[PDB]
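See below for the structure under consideration.
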Amino acid sequence: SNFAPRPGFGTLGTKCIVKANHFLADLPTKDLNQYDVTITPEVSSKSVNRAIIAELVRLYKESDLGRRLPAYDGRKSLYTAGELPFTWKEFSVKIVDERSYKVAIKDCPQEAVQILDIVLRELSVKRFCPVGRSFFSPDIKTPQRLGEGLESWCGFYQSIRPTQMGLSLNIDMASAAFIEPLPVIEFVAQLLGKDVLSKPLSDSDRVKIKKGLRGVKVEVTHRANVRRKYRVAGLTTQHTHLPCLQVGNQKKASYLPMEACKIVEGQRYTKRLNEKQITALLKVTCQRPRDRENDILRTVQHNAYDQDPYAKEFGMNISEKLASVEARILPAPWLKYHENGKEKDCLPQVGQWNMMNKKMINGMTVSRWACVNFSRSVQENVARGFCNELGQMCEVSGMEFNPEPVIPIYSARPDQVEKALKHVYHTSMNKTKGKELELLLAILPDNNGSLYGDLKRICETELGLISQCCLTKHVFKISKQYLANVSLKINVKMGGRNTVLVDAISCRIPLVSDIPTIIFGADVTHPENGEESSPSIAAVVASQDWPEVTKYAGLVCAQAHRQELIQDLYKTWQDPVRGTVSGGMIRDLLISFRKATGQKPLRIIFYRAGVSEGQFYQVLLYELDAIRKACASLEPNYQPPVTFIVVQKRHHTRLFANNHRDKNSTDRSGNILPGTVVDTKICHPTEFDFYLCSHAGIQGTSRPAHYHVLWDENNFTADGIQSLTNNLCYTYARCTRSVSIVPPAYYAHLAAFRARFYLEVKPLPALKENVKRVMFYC
RNA sequence: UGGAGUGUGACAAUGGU
RNA sequence: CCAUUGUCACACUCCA
Ligand SMILES: [Mg+2]
């Protein structure tokens with residue numbers, strides 16, 4: 001039917017003013033009429049068809065139409081200011097640069113602003129040039145060259161969206177690099193970086209220049225007045241040392257001097273960017289959020305939708321100022337640490353912190369391990385020193401480490417990885433009278449080349465041993481931060497936890513810490529390798545302790561090729577021995593939660609990540625039906641209130657600060673503070689969703705996460721969801737900062753990306769039991 | 001593959017005509 | 001055709 005409505009706006013948190021990029025567009029719903037084309041031929045060239053329509057209209061702008069400027073999308077459709085008096089016009093206006101075109105002519109906001117978007121694209125095409133959807137214009141921000149002849153301006157790309165303030169036009173900034181409009185002499189001088197007038201060019205250099213100039217339009221300069229432009233037919237094999245240029249038809253071999261041509265501002269694309277060019281473009285493409293806001297503001301002031309014949313003939317209005325919206329800043333939560341450490345409560349300042357004089361909540365006390373060395377550079381002494389230093393860092397960071405390994409560090413070679421792992425596991429099994437190995441510190445080389453894949457495939461699919469890898473350069477140059485951040489992984493990998501929310505411990509967080517609640521997750525990772533052969537694999541994670549929700553336990557399965565839905569939540573196959581057996585992922589995760597806590601969950605919160613607005617409804621229907629069926633098949637009369645929350649990240653809605661000279665910014669990359677929520681004036685007006693940016697920026701802008709709360713049953717308040725999501729966004733296991741998208745929907749993608757190595761329709765090999773209950777993937 | 005983030009390229013899924 | 005999103009790869013920056 002319909003999604004879950006909005007139960008209001010929040011009030012808690014501080015106040016601040018954020019200026020997003022959503023220019024409100026006063027829609028002119030006076031009158032708009034569509035039309036069509038009755039053409040006997042067919043032209044597939046968008047630009048050519050557009051020129052045709054323009055010329056044909058000019059041929060009869062005032063003769064028959066009358067004081068009108070009709071539009072044209074690019075298909076069988078024309079949009080005017082109304083219904084024109086004529087009904088049976090006949091025109092066969094040809095184009096000369098050649099077939100007769102015989103013709104016989106015969107809810108309020110959506111259609112009107114679809115016409116608005118059509119005329120927007122028409123204006124952009126008429127003024128600037130088109131390129132992969134995004135229009136780019138030179139005279140925007142003083143374009144400058146970044147390479148030999150490649151110079152990059154600042155383009156843009158609009159998209160109307162039916163937001164809350166009345167539908168609004170959107171704007172973003174995209175950059176492309178095109179060749180400079182300079183004489184060929186200077187172009188060659190900059191390309192080769194050497195003297196060219198007195199120094200003859202080599203054959204390889206000549207071939208490179210010919211390839212670079214292939215397809216480049218050139219205008220003759222030997223004529224003062226007739227500077228006709230021609231396409232480059234080729235370069236002749238034979239300052240007279242400069243080879244002649246072939247233009248025109250291949251049969252009509254015309255030779256011109258290299259100095260008798262010029263660049264005609266190339267249209268589509270230049271030669272593929274190199275390493276030295278991509279770095280400069282990256283240095284220029286993304287700037288501080290202040291500069292991003294300035295360019296977004298400028299690209300509409302320059303484009304000037306206000307003063308335009310189309311705007312005059314329709315009345316459409318777009319304010320040249322970015323939208324100003326109020327957006328509360330949620331407060332950071334309190335974190336409880338083990339009492340043995342100097343500090344027991346640390347609050348995150350700007351969304352990040354470090355464990356100075358702090359100790360993890362639970363130390364799993366690893367006492368058996370081995371270190372396998374997959375390299376020739378690092379040797380026994382260096383590997384033993386690295387292991388000892390990691391042990392000392394782990395002991396000072398919270399859990400006891402056995403100072404000496406079970407077996408001496410078994411050096412090996414990359415090719416015999418299976419033999420090395422088998423020997424190490426079996427030797428250490430033989431010793432200690434058969435006690436399983438807690439962890440193995442692999443040390444794999446810099447450019448492993450599937451060694452990492454083979455290692456993390458064997459150690460989990462076949463052996464059942466929790467592993468941990470470190471590159472060679474880190475071993476050679478160890479740092480306290482690096483050792484601490486690997487110690488966090490080692491601690492969470494053994495079923496322990498290291499950070500816990502103070503609110504959850506006290507059982508005070510709303511609608512979560514009063515009855516058993518499990519916070520799920522989901523994601524997919526398509527193969528992008530061939531077609532119909534490599535299955536796309538799906539992952540699901542779920543919490544496994546109610547008083548504090550920090551421990552997850554994921555499990556993965558393969559599914560059909562490039563299917564976005566999580567194919568198998570609840571699958572039933574006939575089994576004559578047992579009957580109509582059930583299974584999937586939901587049954588297994590609920591069973592694991594029940595075993596690991598004691599009480600069946602009584603409220604499911606689900607964080608399905610990565611779906612499109614086009615298929616929100618279909619994915620909601622299928623996943624929620626699967627959840628209901630799975631839970632109903634676990635115990636009769638067991639229907640927990642589910643709460644879908646779809647997470648999106650790749651969205652083109654930025655967020656800046658009202659004044660960029662104040663304390664309303666982070667330490668660096670002075671965009672918004674970590675924790676802002678913007679659920680007013682930029683969102684789906686009738687569906688409950690809210691932007692959010694829980695992660696401190698580092699450079700460039702900060703792409704806020706766009707949570708889109710789908711079907712909701714247990715009646716969360718909007719402030720309740722915002723607070724719970726921001727708070728949950730802090731308890732990240734493998735890091736000490738604040739994550740962008742919440743860990744329940746982060747671990748899913750992380751485990752799905754992990755599971756791609758397990759394969760080598762066609763389900764993946766199962767994970768061993770003793771590496772499933774713990775966070776193997778993280 | 002210590003981790004977090006934001007730029008680009010390539011490829012891909014889905015909604016309306 | 002017009003979009004909304006996703007995966008992968010590379011580059012850069014930052015952490016005690
Ligand atoms: Mg993902």
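Labels for the structure tokens follow display order: chains A, B, ..., residues from 1 in each chain, ligands from 1.
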Could you name the residues that touch residue 90 of chain A at 8 Å or less, counting only C-alpha atoms (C1' of nucleotides), but leaving out those on the same chain fewer than 5 positions away, as a PDB file with N, CA and C atoms, in the first residue's frame?
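Contents of part.pdb, freshly written:
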ATOM      1  N   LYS A 102       6.548  14.654 -44.210  1.00  0.00           N
ATOM      2  CA  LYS A 102       5.118  14.922 -44.277  1.00  0.00           C
ATOM      3  C   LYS A 102       4.496  14.767 -42.895  1.00  0.00           C
ATOM      4  N   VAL A 103       3.738  15.777 -42.473  1.00  0.00           N
ATOM      5  CA  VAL A 103       3.142  15.805 -41.146  1.00  0.00           C
ATOM      6  C   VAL A 103       1.643  16.028 -41.282  1.00  0.00           C
ATOM      7  N   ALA A 104       0.890  15.508 -40.312  1.00  0.00           N
ATOM      8  CA  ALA A 104      -0.553  15.733 -40.248  1.00  0.00           C
ATOM      9  C   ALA A 104      -0.939  15.735 -38.772  1.00  0.00           C
ATOM     10  N   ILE A 105      -0.987  16.918 -38.175  1.00  0.00           N
ATOM     11  CA  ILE A 105      -1.285  17.058 -36.755  1.00  0.00           C
ATOM     12  C   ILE A 105      -2.786  16.936 -36.549  1.00  0.00           C
TER      13      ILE A 105
END
- Message: Residues of chain C were defined as contacting chain A if any atom lay at most 6 Å from it, counting only C-alpha atoms (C1' of nucleotides); please report them as a ChimeraX atom specification.
- Response: /C:5,7,16
- Query: Which neighbours of segment 2-6 of chain B fall inside 12 Å, counting only C-alpha atoms (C1' of nucleotides), when residues of the same chain fewer than 3 positions from it are skipped, and could you give them as a count of residues only?
  - Reply: 57
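The coordinates place atom CA of residue 71 of chain A at 7.2 Å from atom CA of residue 122 of chain A.
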- Message: List the spatial neighbours of residue 754 of chain A as a PyMOL selection string - criterion: any atom at most 12 Å away, only C-alpha atoms (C1' of nucleotides), same-chain residues fewer than 2 positions off excluded.
- Response: (chain A and resi 452-453+456-457+460+524-525+537-539+554-557+747-752+756-759+775-778) or (chain B and resi 1)
Please dump the current selection as a PDB file, in the first residue's frame; keep N, CA and C atoms (P, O5', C5', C4', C3', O3' and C1' of nucleotides).
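Saved file result-v1.pdb follows:
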ATOM      1  N   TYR A 452      46.201 -13.342  -0.017  1.00  0.00           N
ATOM      2  CA  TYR A 452      45.248 -12.978   1.024  1.00  0.00           C
ATOM      3  C   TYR A 452      43.946 -13.743   0.847  1.00  0.00           C
ATOM      4  N   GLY A 453      43.472 -13.839  -0.394  1.00  0.00           N
ATOM      5  CA  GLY A 453      42.250 -14.579  -0.649  1.00  0.00           C
ATOM      6  C   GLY A 453      42.371 -16.040  -0.271  1.00  0.00           C
ATOM      7  N   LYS A 456      42.574 -16.366   3.734  1.00  0.00           N
ATOM      8  CA  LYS A 456      41.310 -16.150   4.417  1.00  0.00           C
ATOM      9  C   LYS A 456      40.210 -17.040   3.872  1.00  0.00           C
ATOM     10  N   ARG A 457      40.494 -17.793   2.813  1.00  0.00           N
ATOM     11  CA  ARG A 457      39.586 -18.844   2.383  1.00  0.00           C
ATOM     12  C   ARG A 457      39.839 -20.124   3.162  1.00  0.00           C
ATOM     13  N   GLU A 460      39.008 -20.192   7.168  1.00  0.00           N
ATOM     14  CA  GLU A 460      37.625 -20.135   7.614  1.00  0.00           C
ATOM     15  C   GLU A 460      36.747 -21.187   6.962  1.00  0.00           C
ATOM     16  N   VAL A 524      24.282  -6.441  -0.518  1.00  0.00           N
ATOM     17  CA  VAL A 524      24.669  -7.370  -1.572  1.00  0.00           C
ATOM     18  C   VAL A 524      25.954  -6.877  -2.218  1.00  0.00           C
ATOM     19  N   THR A 525      26.637  -7.785  -2.918  1.00  0.00           N
ATOM     20  CA  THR A 525      27.854  -7.379  -3.670  1.00  0.00           C
ATOM     21  C   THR A 525      27.868  -8.134  -5.004  1.00  0.00           C
ATOM     22  N   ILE A 537      26.484 -12.391  -4.168  1.00  0.00           N
ATOM     23  CA  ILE A 537      26.378 -12.964  -2.833  1.00  0.00           C
ATOM     24  C   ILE A 537      25.783 -11.939  -1.880  1.00  0.00           C
ATOM     25  N   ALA A 538      24.976 -12.419  -0.937  1.00  0.00           N
ATOM     26  CA  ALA A 538      24.246 -11.571  -0.008  1.00  0.00           C
ATOM     27  C   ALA A 538      24.675 -11.871   1.419  1.00  0.00           C
ATOM     28  N   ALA A 539      24.672 -10.836   2.256  1.00  0.00           N
ATOM     29  CA  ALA A 539      25.101 -10.950   3.641  1.00  0.00           C
ATOM     30  C   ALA A 539      24.070 -10.314   4.558  1.00  0.00           C
ATOM     31  N   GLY A 554      27.463 -12.356  11.520  1.00  0.00           N
ATOM     32  CA  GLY A 554      26.944 -12.413  10.174  1.00  0.00           C
ATOM     33  C   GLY A 554      27.049 -13.786   9.543  1.00  0.00           C
ATOM     34  N   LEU A 555      26.253 -13.988   8.496  1.00  0.00           N
ATOM     35  CA  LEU A 555      26.340 -15.194   7.690  1.00  0.00           C
ATOM     36  C   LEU A 555      25.880 -14.866   6.280  1.00  0.00           C
ATOM     37  N   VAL A 556      26.517 -15.499   5.301  1.00  0.00           N
ATOM     38  CA  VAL A 556      26.370 -15.123   3.903  1.00  0.00           C
ATOM     39  C   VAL A 556      25.845 -16.307   3.107  1.00  0.00           C
ATOM     40  N   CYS A 557      25.215 -16.003   1.974  1.00  0.00           N
ATOM     41  CA  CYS A 557      24.813 -17.014   1.008  1.00  0.00           C
ATOM     42  C   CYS A 557      24.886 -16.412  -0.385  1.00  0.00           C
ATOM     43  N   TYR A 747      28.420  -3.478   8.626  1.00  0.00           N
ATOM     44  CA  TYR A 747      28.907  -4.840   8.767  1.00  0.00           C
ATOM     45  C   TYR A 747      28.344  -5.745   7.688  1.00  0.00           C
ATOM     46  N   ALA A 748      27.112  -5.501   7.251  1.00  0.00           N
ATOM     47  CA  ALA A 748      26.542  -6.322   6.192  1.00  0.00           C
ATOM     48  C   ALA A 748      27.369  -6.213   4.922  1.00  0.00           C
ATOM     49  N   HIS A 749      27.636  -4.984   4.484  1.00  0.00           N
ATOM     50  CA  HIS A 749      28.461  -4.796   3.262  1.00  0.00           C
ATOM     51  C   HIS A 749      29.857  -5.361   3.504  1.00  0.00           C
ATOM     52  N   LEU A 750      30.399  -5.161   4.705  1.00  0.00           N
ATOM     53  CA  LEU A 750      31.763  -5.603   4.960  1.00  0.00           C
ATOM     54  C   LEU A 750      31.865  -7.123   4.884  1.00  0.00           C
ATOM     55  N   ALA A 751      30.875  -7.827   5.439  1.00  0.00           N
ATOM     56  CA  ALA A 751      30.863  -9.284   5.379  1.00  0.00           C
ATOM     57  C   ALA A 751      30.591  -9.779   3.967  1.00  0.00           C
ATOM     58  N   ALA A 752      29.728  -9.084   3.224  1.00  0.00           N
ATOM     59  CA  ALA A 752      29.489  -9.480   1.841  1.00  0.00           C
ATOM     60  C   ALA A 752      30.747  -9.319   1.002  1.00  0.00           C
ATOM     61  N   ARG A 756      33.350 -12.756  -0.842  1.00  0.00           N
ATOM     62  CA  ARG A 756      33.583 -12.971  -2.292  1.00  0.00           C
ATOM     63  C   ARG A 756      34.779 -13.917  -2.461  1.00  0.00           C
ATOM     64  N   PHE A 757      35.671 -13.986  -1.467  1.00  0.00           N
ATOM     65  CA  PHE A 757      36.845 -14.843  -1.565  1.00  0.00           C
ATOM     66  C   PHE A 757      36.531 -16.308  -1.313  1.00  0.00           C
ATOM     67  N   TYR A 758      35.347 -16.622  -0.798  1.00  0.00           N
ATOM     68  CA  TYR A 758      35.028 -17.996  -0.440  1.00  0.00           C
ATOM     69  C   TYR A 758      34.703 -18.870  -1.643  1.00  0.00           C
ATOM     70  N   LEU A 759      34.437 -18.287  -2.807  1.00  0.00           N
ATOM     71  CA  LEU A 759      34.027 -19.052  -3.976  1.00  0.00           C
ATOM     72  C   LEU A 759      35.207 -19.238  -4.918  1.00  0.00           C
ATOM     73  N   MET A 775      32.765 -12.397  15.355  1.00  0.00           N
ATOM     74  CA  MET A 775      32.827 -11.488  14.214  1.00  0.00           C
ATOM     75  C   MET A 775      34.079 -11.807  13.404  1.00  0.00           C
ATOM     76  N   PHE A 776      33.961 -12.834  12.561  1.00  0.00           N
ATOM     77  CA  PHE A 776      35.068 -13.214  11.691  1.00  0.00           C
ATOM     78  C   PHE A 776      35.380 -12.121  10.680  1.00  0.00           C
ATOM     79  N   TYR A 777      34.340 -11.509  10.114  1.00  0.00           N
ATOM     80  CA  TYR A 777      34.502 -10.602   8.983  1.00  0.00           C
ATOM     81  C   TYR A 777      35.171  -9.293   9.375  1.00  0.00           C
ATOM     82  N   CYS A 778      34.848  -8.757  10.545  1.00  0.00           N
ATOM     83  CA  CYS A 778      35.317  -7.424  10.908  1.00  0.00           C
ATOM     84  C   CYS A 778      36.829  -7.384  11.020  1.00  0.00           C
TER      85      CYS A 778
ATOM     86  P     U B   1      42.042  -8.639   8.022  1.00  0.00           P
ATOM     87  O5'   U B   1      42.538  -8.117   6.607  1.00  0.00           O
ATOM     88  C5'   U B   1      42.960  -6.771   6.439  1.00  0.00           C
ATOM     89  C4'   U B   1      44.410  -6.689   6.040  1.00  0.00           C
ATOM     90  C3'   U B   1      44.931  -5.283   5.771  1.00  0.00           C
ATOM     91  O3'   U B   1      46.294  -5.195   6.177  1.00  0.00           O
ATOM     92  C1'   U B   1      45.167  -6.597   3.826  1.00  0.00           C
TER      93        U B   1
END
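Across the structure, atom CA of residue 662 of chain A and atom CA of residue 693 of chain A are spaced 19.1 Å apart.
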- Query: Out of segment 522-646 of chain A, which residues get alpha helix (DSSP H) from DSSP, as a PyMOL selection string?
  - Reply: chain A and resi 586-597+616-632
Just write the chosen residues, N, CA and C atoms, as a JSON list (two decimals), in the first residue's frame.
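Final output, part_16.json:
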[["chain", "number", "residue", "atom", "x", "y", "z"],
["A", 586, "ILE", "N", 17.14, -15.74, 8.55],
["A", 586, "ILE", "CA", 16.42, -15.18, 9.70],
["A", 586, "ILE", "C", 16.27, -16.23, 10.79],
["A", 587, "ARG", "N", 15.90, -17.45, 10.42],
["A", 587, "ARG", "CA", 15.77, -18.50, 11.42],
["A", 587, "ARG", "C", 17.09, -18.72, 12.14],
["A", 588, "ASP", "N", 18.18, -18.79, 11.39],
["A", 588, "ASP", "CA", 19.47, -19.06, 12.01],
["A", 588, "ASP", "C", 19.91, -17.92, 12.91],
["A", 589, "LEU", "N", 19.66, -16.67, 12.49],
["A", 589, "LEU", "CA", 20.11, -15.55, 13.31],
["A", 589, "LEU", "C", 19.26, -15.40, 14.57],
["A", 590, "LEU", "N", 17.94, -15.60, 14.46],
["A", 590, "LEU", "CA", 17.11, -15.58, 15.67],
["A", 590, "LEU", "C", 17.47, -16.73, 16.61],
["A", 591, "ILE", "N", 17.74, -17.92, 16.06],
["A", 591, "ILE", "CA", 18.15, -19.04, 16.91],
["A", 591, "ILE", "C", 19.47, -18.72, 17.60],
["A", 592, "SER", "N", 20.42, -18.14, 16.87],
["A", 592, "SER", "CA", 21.70, -17.79, 17.48],
["A", 592, "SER", "C", 21.52, -16.75, 18.58],
["A", 593, "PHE", "N", 20.66, -15.75, 18.34],
["A", 593, "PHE", "CA", 20.41, -14.75, 19.38],
["A", 593, "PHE", "C", 19.77, -15.38, 20.60],
["A", 594, "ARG", "N", 18.80, -16.28, 20.40],
["A", 594, "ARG", "CA", 18.16, -16.94, 21.53],
["A", 594, "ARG", "C", 19.16, -17.76, 22.32],
["A", 595, "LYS", "N", 20.03, -18.49, 21.63],
["A", 595, "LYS", "CA", 21.04, -19.29, 22.32],
["A", 595, "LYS", "C", 22.02, -18.40, 23.08],
["A", 596, "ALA", "N", 22.41, -17.27, 22.49],
["A", 596, "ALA", "CA", 23.45, -16.45, 23.09],
["A", 596, "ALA", "C", 22.94, -15.51, 24.17],
["A", 597, "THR", "N", 21.62, -15.29, 24.26],
["A", 597, "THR", "CA", 21.08, -14.45, 25.32],
["A", 597, "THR", "C", 20.19, -15.24, 26.28],
["A", 616, "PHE", "N", 11.82, 0.58, -3.85],
["A", 616, "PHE", "CA", 11.52, 0.56, -2.42],
["A", 616, "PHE", "C", 10.31, -0.30, -2.12],
["A", 617, "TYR", "N", 9.21, -0.09, -2.84],
["A", 617, "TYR", "CA", 7.99, -0.82, -2.49],
["A", 617, "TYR", "C", 8.15, -2.32, -2.69],
["A", 618, "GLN", "N", 8.76, -2.72, -3.80],
["A", 618, "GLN", "CA", 8.92, -4.15, -4.06],
["A", 618, "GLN", "C", 9.84, -4.80, -3.03],
["A", 619, "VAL", "N", 10.95, -4.13, -2.70],
["A", 619, "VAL", "CA", 11.86, -4.71, -1.72],
["A", 619, "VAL", "C", 11.21, -4.76, -0.35],
["A", 620, "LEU", "N", 10.46, -3.72, 0.03],
["A", 620, "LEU", "CA", 9.74, -3.75, 1.29],
["A", 620, "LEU", "C", 8.80, -4.94, 1.33],
["A", 621, "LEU", "N", 8.00, -5.11, 0.28],
["A", 621, "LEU", "CA", 7.05, -6.21, 0.25],
["A", 621, "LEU", "C", 7.75, -7.54, 0.44],
["A", 622, "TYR", "N", 8.78, -7.81, -0.36],
["A", 622, "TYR", "CA", 9.41, -9.13, -0.30],
["A", 622, "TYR", "C", 10.12, -9.36, 1.03],
["A", 623, "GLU", "N", 10.98, -8.42, 1.45],
["A", 623, "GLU", "CA", 11.72, -8.63, 2.69],
["A", 623, "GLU", "C", 10.80, -8.74, 3.89],
["A", 624, "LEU", "N", 9.78, -7.89, 3.98],
["A", 624, "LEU", "CA", 8.92, -7.95, 5.16],
["A", 624, "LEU", "C", 8.06, -9.20, 5.15],
["A", 625, "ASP", "N", 7.62, -9.65, 3.97],
["A", 625, "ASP", "CA", 6.92, -10.92, 3.91],
["A", 625, "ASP", "C", 7.83, -12.05, 4.36],
["A", 626, "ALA", "N", 9.10, -12.01, 3.95],
["A", 626, "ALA", "CA", 10.04, -13.04, 4.37],
["A", 626, "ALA", "C", 10.25, -13.02, 5.87],
["A", 627, "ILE", "N", 10.39, -11.83, 6.46],
["A", 627, "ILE", "CA", 10.58, -11.72, 7.90],
["A", 627, "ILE", "C", 9.37, -12.28, 8.64],
["A", 628, "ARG", "N", 8.17, -11.89, 8.21],
["A", 628, "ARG", "CA", 6.97, -12.37, 8.88],
["A", 628, "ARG", "C", 6.85, -13.88, 8.78],
["A", 629, "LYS", "N", 7.09, -14.44, 7.59],
["A", 629, "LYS", "CA", 7.00, -15.89, 7.43],
["A", 629, "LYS", "C", 8.04, -16.60, 8.29],
["A", 630, "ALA", "N", 9.28, -16.11, 8.29],
["A", 630, "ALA", "CA", 10.33, -16.76, 9.06],
["A", 630, "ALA", "C", 10.02, -16.74, 10.54],
["A", 631, "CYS", "N", 9.65, -15.59, 11.08],
["A", 631, "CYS", "CA", 9.33, -15.53, 12.50],
["A", 631, "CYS", "C", 8.12, -16.37, 12.83],
["A", 632, "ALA", "N", 7.08, -16.34, 11.99],
["A", 632, "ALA", "CA", 5.90, -17.15, 12.25],
["A", 632, "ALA", "C", 6.20, -18.64, 12.16]]
- Message: Show me, as a list in words, the residues that have an atom within 12 Å of residue 17 of chain B when counting only C-alpha atoms (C1' of nucleotides), minus same-chain residues fewer than 4 positions from it.
- Response: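 Surrounding residues, per the criterion: residues 73, 75, 76 and 77 of chain A; 1, 2 and 3 of chain C.
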Kindly export the residues of the current selection with C-alpha atoms (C1' of nucleotides), as a PDB file, in the first residue's frame.
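Output saved as out_35.pdb:
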ATOM      1  CA  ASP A  73      12.375  16.697 -25.090  1.00  0.00           C
ATOM      2  CA  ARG A  75      11.310  12.218 -28.460  1.00  0.00           C
ATOM      3  CA  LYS A  76       7.796  12.371 -29.938  1.00  0.00           C
ATOM      4  CA  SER A  77       6.768  15.310 -27.751  1.00  0.00           C
TER       5      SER A  77
ATOM      6  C1'   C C   1      15.293   8.176 -23.806  1.00  0.00           C
ATOM      7  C1'   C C   2      14.726  10.316 -19.053  1.00  0.00           C
ATOM      8  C1'   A C   3      16.057   9.373 -14.078  1.00  0.00           C
TER       9        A C   3
END
